[PDB]
Amino acid sequence: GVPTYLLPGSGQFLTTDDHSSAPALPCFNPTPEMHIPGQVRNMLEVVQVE
Amino acid sequence: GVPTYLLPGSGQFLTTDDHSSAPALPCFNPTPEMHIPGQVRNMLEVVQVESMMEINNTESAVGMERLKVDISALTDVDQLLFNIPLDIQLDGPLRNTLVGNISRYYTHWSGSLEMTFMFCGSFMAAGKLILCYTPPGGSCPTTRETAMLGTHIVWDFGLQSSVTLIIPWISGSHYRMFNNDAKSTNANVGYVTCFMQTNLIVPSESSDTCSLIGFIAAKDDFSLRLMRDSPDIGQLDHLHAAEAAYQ
Amino acid sequence: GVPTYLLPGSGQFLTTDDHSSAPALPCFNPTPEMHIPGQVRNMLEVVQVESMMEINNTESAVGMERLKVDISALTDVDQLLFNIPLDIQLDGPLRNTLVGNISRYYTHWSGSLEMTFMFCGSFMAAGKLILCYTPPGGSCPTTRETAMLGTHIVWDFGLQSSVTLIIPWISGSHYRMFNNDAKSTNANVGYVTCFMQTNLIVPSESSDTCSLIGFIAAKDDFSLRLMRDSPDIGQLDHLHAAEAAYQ
Amino acid sequence: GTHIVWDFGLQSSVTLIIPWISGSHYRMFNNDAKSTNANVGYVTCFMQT
Amino acid sequence: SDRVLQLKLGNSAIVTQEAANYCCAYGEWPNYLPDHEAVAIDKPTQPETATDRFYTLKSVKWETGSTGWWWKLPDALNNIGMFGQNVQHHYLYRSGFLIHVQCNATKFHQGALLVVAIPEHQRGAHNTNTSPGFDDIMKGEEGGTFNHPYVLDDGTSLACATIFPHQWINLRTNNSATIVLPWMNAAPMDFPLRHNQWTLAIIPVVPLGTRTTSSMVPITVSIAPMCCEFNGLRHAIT
Amino acid sequence: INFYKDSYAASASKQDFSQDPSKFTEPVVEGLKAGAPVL
Amino acid sequence: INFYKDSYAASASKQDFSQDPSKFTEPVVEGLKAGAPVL
Amino acid sequence: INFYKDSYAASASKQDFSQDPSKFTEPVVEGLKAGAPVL
Amino acid sequence: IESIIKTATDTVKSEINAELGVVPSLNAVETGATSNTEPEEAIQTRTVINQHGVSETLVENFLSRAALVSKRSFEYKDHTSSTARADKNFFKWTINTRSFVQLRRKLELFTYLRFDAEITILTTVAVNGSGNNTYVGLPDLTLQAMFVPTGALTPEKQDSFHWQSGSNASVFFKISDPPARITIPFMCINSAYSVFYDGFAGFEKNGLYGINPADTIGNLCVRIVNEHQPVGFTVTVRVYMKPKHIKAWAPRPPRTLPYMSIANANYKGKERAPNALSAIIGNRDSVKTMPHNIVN
Amino acid sequence: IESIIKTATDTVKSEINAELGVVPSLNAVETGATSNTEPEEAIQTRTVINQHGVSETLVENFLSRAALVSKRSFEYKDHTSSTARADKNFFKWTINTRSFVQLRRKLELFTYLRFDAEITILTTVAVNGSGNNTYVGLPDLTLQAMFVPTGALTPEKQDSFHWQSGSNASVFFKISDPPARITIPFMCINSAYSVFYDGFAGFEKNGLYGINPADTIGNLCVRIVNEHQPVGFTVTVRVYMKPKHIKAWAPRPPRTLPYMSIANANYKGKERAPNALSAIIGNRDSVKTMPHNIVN
């Protein structure tokens, strides 16, 4: 096997972390996307509205 | 060595996970594959096979009698014969079918259905029926003049003994959900009704009552999502001889 | 570092696992290899070597006497001499052979067997036997007219002192299983029987009783699966001087 | 033996072929009906349903 | 065109003028065992016309209270003619079948029979924990009758029995059904006396009815083994 | 990720999208043409 | 690092910098030229 | 996976399918031709 | 016809039809074929590009889910005065997929199955009641699970020499570890397991009906390696099986009546509908009664 | 002839033979050769394409399975009043593969063996009985296993300075950790271990018969590093060995009679058959009696 060692922070749950995680519903096919008006991609678009 | 850190979910056992695992029998050679008829690779192949509807799910109908609908000659015109509810989730005539049984393992469903009716009267028996699918929103039609406004097929008895009514997928949403609320706008499909179009007319020597057998199947536009434990089976205790496996 | 998560089975010790492990003696130089006769690389090479059958596994037969079958002159025709059961799993004449001993380390077996019989009478002794393999399904034949309907070889004593009866692999399934139910349809192989074809005829000065030695081996179409602990060895306590290893 | 199952219908007639099944090239029209050189067999009819 | 049919096997022939196509189970046709699937090494015997021919079983009477009938293969044919002899003299058997069910009536009669070939129809017993016995399962030529056809005598549903290869005999439409069955088994060959690959079931979903003068309405089954082969010759068991 | 030496140790195989429903829906010798009468 | 077979198992997608604030700030049929009177 | 520096640390070697059963089954100087008498 | 299907089929727009001699809505059920009537031929349709996937109904996805197959609780204690039938710090289980009804029904949807079995073993421990009236803690015990082929010699006691496992596959695992996991290959002597077996597995007439031992995966013998503590505990072992690399043949009508025994398909049914012997579907007042009618 | 064999051999169809001077079924056992009669020459065969693999009978797979070789239980406590023979928080074991009969018989199927040995050490702990009448918990002790070559100095006590292990290979492991594992190379002074040795390993006449110390892997000295607790425990250490990179020579008749000692091949046999000195196979009534005859 591969020799390894655990770093500090191993096992912690950070609410702002960004990792992949196990899919609970394998082979699930989400509903196809449909165009909806008024898409917002950055909150700075909202603050520009008076 | 490689520096590493454990993520949340490490060590958990998820029943739907998909990983390789240690072979307990190294160098084992499985029995060579041999062609066997009737291979199935997607459960949607099964739901496309039509199976008998239990339309006569009433008291005084015992066993096989629940699988046929008796029709007799009538002296009033445009009379209602029977109706079939919509939900392939709740208990009903569609529940114990191939499509219903397989679909109840899932939560979301989409696509068109087909209902095929076979007339099982005598050769000398003649008649015309009208079969109507009513999209949801209102009460189930009780008169022919109302039911005929929806989707319908007029069926004439003859050499071709069977007719097909297509229940097309007419839904606001991409999928309907197999929920317990039968009146929900995301579950209700409508109604099926059958009316006399003219009458059942038989000669004296023929049987005065003739039977119809109803079948239901899914078309190839049908699909299912969100697998779940089927409510059609369960246990409150260990089965007989299950303990003997430990002796 | 690398983000990781532990799978189920992490930390377990599986006796059949196959992994590298830390060398306790770094830079150790093993003794150079030297050619040694009789290298064996597959146990199937061993089972192809014929070994003596214990056909005479009866009371009043002690030790080496169990490894030979005595035949004498008879005054009735077509008489049965002996029979051999089929199972290379259960205890029997085939158990303490190379093929039997190696096969009992496994659970599934397939392929053809060969039984070779050597006549050990005097040169002046003459005779003909018939050796029959009966595929399973019925009772072991007790008469020549029934046994000869199965696979058989008619053996004439002569300069070539040994004959071979092939028990071909005749099975509904790819493998038979070494289970404890000898009458199971997945285990039973049939029977072997031996009958006088004419008679054992010897002169006055020759011995009136002559011995046969039976051998069994597997052919090169033979294979085994599902290794298991052999039932041929066991212990209920520590062996003598085992404690002295700790002193 | 050789047989045909006949279903009554629009085609009102059925044909059973008695094929030439004989040890010898010819049979002989002799007076012994049970002779091995004369007997041809039998024809029988049964209800199927 | 699709209503008339002649089946000719060996020295036997059957003609029907009121057929409704015919069913090939799972879209397959019977065939001999190929070398790349064979297990038994002895040269098999292939009797051809001696065994690949129609054998007609005893007819049964369609009554008002009839629950249905079933026959297990090859058990129903195991003592019939040269097929029975070859079965009795050999340890291993392999074949398909051609099943032809016949039932005629008048144009004043009504009734519907489901004719279904069930692979591995493992029967269950009713209201008991004891498994069905040998005599309950192996009925031979005479066959058996369904105790609870509504559940196919195994806790399943008759309504879903159409997933199996099947036809219908609807008396106003047709008077016969025809099903072609290939070899259906986990193993290339089998011991014919202890395992049944197929079970032919005839179930009156719509009961027989008429107001004309009553007559006996029989149902007749003719089964032709196809591509028969046998291995492991020995003395007869019988 | 499969470092085991036995192929049966591998993860599940969910990529076989081939179907043949006709072996259950239309197991008849004569194919039925759409629209035309069956019998 | 995503060894899962389902694409929705992947980590977050924070690379979509496209914006169109005019759909909220100027949702008018006639664009307003800078400097010129609106009405 | 073997990151150790000593070759004997490696996993098992199950790839040697070579056989020579004749060294045990036919260890005779004169080969026996099939069908012909041995002696 | 065989083809690769990844999504549900599309719909094409259709027009009025008034053609003589063409009746797509009429069918012949007697032939055994399912009706081929298309929505385009029954009603006027529009064009619909259907993007609905069909992957979740794949047989592999349908069956490759870890389902509980065995659950055994036994006392971990000094068993000097324990009865003969008690599990004395170990138990044996003949592997079968018929004890828990969900997986059993799913498997019995098919006649033949070929698959490898991923086995996951999960252990839990509790301090015994009716023994000491106190809690002290839970030990991190080591357990051994040994695979013994069907019919072979199984250990007779916790410290039996049979546990030496010279050739049998054994896995040693701790309670504190994640659940143990091993893959057992498809080990049938045939090319596929027989989910249903219409026959007798013996050459005599006294054999078990419907039970083919060739389809029995094997025997699992589970023991606690640790010698007993001065106090007693209750140890529960759960075994979950997940089929994978699955091939399936000849689908069957689903089970409707409740299961009665693991050894047969015997049926009794519920007292009344639903799933009664005389009535599978729940009753309604009449064939003209709409159970959940919308009334406004 | 030497060749690569991956599957069982195929069968070719054969016809009737009536040839003079050709008798393939006759053989001469006296030459010592195994019969070369083929099924094609004995009966009429068909063509069979045999796909059965032969990998599970490879010598490597046959022998490369972890088997128990040592099991030692000792008290972890204050040993001030302990007797001389007691293991005082440590033990020594002369490594041998003859104490547990399964691995011993498998190894003794061959005359010569060359392999490396993967060693796995598994530790379990229990609270002592007959000491305190209570359970408090199990400690996560640290153990040291030191490899001392055969005949070299071994530690005399738990806190002996010999445990400093300046050159001896030592492994330190916790009970809570997975079992310790190390690979010992093939360390024989010869090219292969002598499974059986028909000789005396000394230049005088008093040496041990059948015992070649060159085949003794070495000595394992196992101690608990932790000093003793106020209460006593029982610690059990199991050592499992798995051969790998195996070469084998000169297969031998398998052992039949039960083993008697680890130091020799002495035999007594069971009281009666099976595996008795006068009868290895169980008895039947006569040579004409079929033990499991099928009777219907």
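Residues numbered from 1 in each chain as written, not as in the entry; some residues may be left out. Chains lettered and ligands numbered in written order. Part of a larger assembly, values for the part shown. Heavy atoms only, no water.

- Looking at the method and resolution fields of the entry, one finds cryo-EM and 2 Å.

**Structural notes on the sheet that holds strand β4 (residues 90–94) of chain J**
All names here are of chain J.
Part 1: Read from one edge of the open sheet, four strands run β4-β10-β6-β7, paired in antiparallel fashion. Edge positions in the open sheet fall to β4 and β7 (170–174), since each of these has one partner strand only. For this sheet, the mean inter-axis angle between neighbouring strands, taken without regard to orientation, is 20°.
Part 2: Alignment of β4 against strand β10 (residues 219–224), held across five bridges, turns out to be antiparallel. (Pairing = 2+ DSSP bridges. Helix = DSSP H or I, 4+ residues; strand = E, 2+ residues; numbered from the N terminus. Axes fitted to C-alpha atoms, helices over the stretch in contact; angles between N-to-C directions.)

**Details of unusual backbone geometry**
Part 1: The step from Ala273(I) to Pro274(I) runs through a cis peptide bond, and the omega angle for that step is 5°.
Part 2: Checked against the element boundaries, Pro274(I) lands in the segment after β11 (233–251).
Part 3: With a phi angle near 55°, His245(I) is a residue other than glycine that sits in the positive phi range.
Part 4: One can find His245(I) in strand β11.
Part 5: In this structure, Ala250(J) takes a positive phi of about 55° despite not being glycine.
Part 6: The topology assignment puts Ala250(J) in strand β11 (residues 233–251).
Part 7: Judged by its relative accessible area of 24%, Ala250(J) is partly exposed. (Buried < 20%, exposed > 50% of the residue type's maximum accessible area, 1.4 Å probe, protein only.)

**Structural notes on the pattern of salt bridges**
Part 1: Enumeration according to the criterion identifies 46 salt bridges over all chains in this entry.
Part 2: Two residues, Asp198(I) and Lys72(E), come together in a salt bridge whose shortest N-O distance is 2.9 Å. Placement of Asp198(I) in the loop between β9 (193–194) and β10 (219–224) and of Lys72(E) in strand β6 (residues 69–73) is noted, with the two residues assigned to different chains.
Part 3: Relative accessible area serves as the criterion here: at 0%, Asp198(I) is assigned to the buried category. (Salt bridge = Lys/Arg side-chain N within 4 Å of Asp/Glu carboxyl O.)

**A short note on helix α1 (residues 81–89) of chain E**
Part 1: Within α1(E) the residues assigned to the buried category are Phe83(E), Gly84(E), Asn86(E), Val87(E) and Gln88(E).
Part 2: Contacts made by the buried residues of α1(E) are with β4 (55–56), β7 (90–102) and β13 (218–233) of chain E. (Contact = heavy atoms within 4.5 Å.)

**Thoughts on the sheet that holds strand β8 (residues 126–134) of chain B**
Residue and element names in this part refer to chain B.
Part 1: If you walk across this open sheet you meet the four strands as β5-β12-β8-β9, and the pairing is antiparallel. In the strand order of this sheet, the two ends are held by β5 (80–84) and β9 (151–156), each with one partner. Sheet twist, expressed as the average angle between the axes of neighbouring strands with direction ignored, equals 15°.
Part 2: Across six bridges, the pairing between β8 and β9 is antiparallel. Looking at the pairing, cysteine 132 lines up with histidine 152 of β9.

**A short note on the packing of aromatic side chains**
Part 1: Within the structure shown, the criterion is met by 50 aromatic pairs over all chains.
Part 2: With a centroid separation of 6.1 Å and an interplanar angle of 40°, the aromatic rings of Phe82(B) and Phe117(B) are classed as tilted. On the criterion of sequence distance, the pair formed by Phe82(B) in strand β5 and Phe117(B) in strand β7 (residues 113–119) is long-range, its members being 35 residues apart. Assigned by exposure class, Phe82(B) and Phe117(B) land together as buried.
Part 3: For the pair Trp109(C) and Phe222(C), a centre-to-centre distance of 5.9 Å together with 35° between the ring planes defines the contact as tilted. Of the two residues, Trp109(C) sits in strand β7 (residues 108–110) while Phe222(C) sits in the loop between β14 (209–218) and β15 (223–225), which places them 113 residues apart along the sequence.
Part 4: With relative accessibility at 2%, the residue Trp109(C) sits in the buried group. (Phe/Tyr/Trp six-rings, centres within 6.5 Å; stacked < 30°, edge-to-face > 60°.)

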